[PDB]
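Before any questions on how it binds or moves, here is one chain, the form solved without this ligand, in structure tokens.
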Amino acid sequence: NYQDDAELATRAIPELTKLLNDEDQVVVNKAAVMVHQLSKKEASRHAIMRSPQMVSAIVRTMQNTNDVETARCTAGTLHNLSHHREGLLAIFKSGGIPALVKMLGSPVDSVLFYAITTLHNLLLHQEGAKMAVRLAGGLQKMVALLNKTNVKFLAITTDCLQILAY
């Protein structure tokens, strides 16, 4: 947090949450792109994860939006939070497991990359996740996935099923 830093991200997060919550879906897209870009840097990533309102705004937005870009950035943000115990937990608290489970619907290959690996990280590391995912319909969704997606996802998808049943 000395070249490109937490202090800044922390200062920007409220302004950005408010943008993600906007009625105007174009503004929402701009802010989703930014939150995605911040999520890419270790320092600012942590500022995102310590923000409950930010994380919920990212989860709502991912579920609601019709714009592929917003979906890709928003799921990518979550994918990035999911590399840290704190981010896993934040996704859990925000209602992201069902949100992510819906995204396993998406045609877009990068959106579903993000949803599947985030879920997988959750299944591996987050307490409550297996049951959360089962309760959201996760097993059916992942069997559907497995049966329709390309080779990049067969392994991770099959690892998720194996976790959800042992």
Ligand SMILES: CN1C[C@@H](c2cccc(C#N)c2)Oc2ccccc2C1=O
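Only residues modelled in both forms are compared. For the two forms, the rigid core is made up of the largest set of C-alpha atoms that agree within 1.5 Å on superposition. One rule holds for the numbers: they count along the sequence shown, beginning at 1.
Although it is not shown, the form deposited with this ligand bound is what the next lines describe.
Quick check on this chain: which one of 108, 27, 124, 33 has a heavy atom within 4.5 Å of this ligand in the bound PDB entry? Going through each option in turn, the one that passes is 108.
Which of these residues, 103, 133, 47, 59, gets a heavy atom within 4.5 Å of this ligand in the bound PDB entry? After the contact test, the surviving option is 103.
Is there a heavy atom of residue 68 lying 4.5 Å or less from a heavy atom of this ligand in the bound PDB entry? Yes, residue 68 lies within 4.5 Å of this ligand in the bound PDB entry.
Look at the stretches 95-103, 51-59, 125-133, 38-46 and give the one with heavy atoms within 4.5 Å of this ligand in the bound PDB entry. Result of the contact check: 95-103.
Could you tell me whether the Cα atom of residue 149 shifts by at least 2 Å between this form and the one not shown after core superposition? Residue 149: C-alpha displaced by 2 Å or more between this form and the one not shown.
Once the rigid core is superposed, list every run of three or more consecutive common residues with all C-alpha shifts of 2 angstroms or more between this form and the one not shown, in sequence order. In sequence order there is one run that relocates between this form and the one not shown, which is 147-152.
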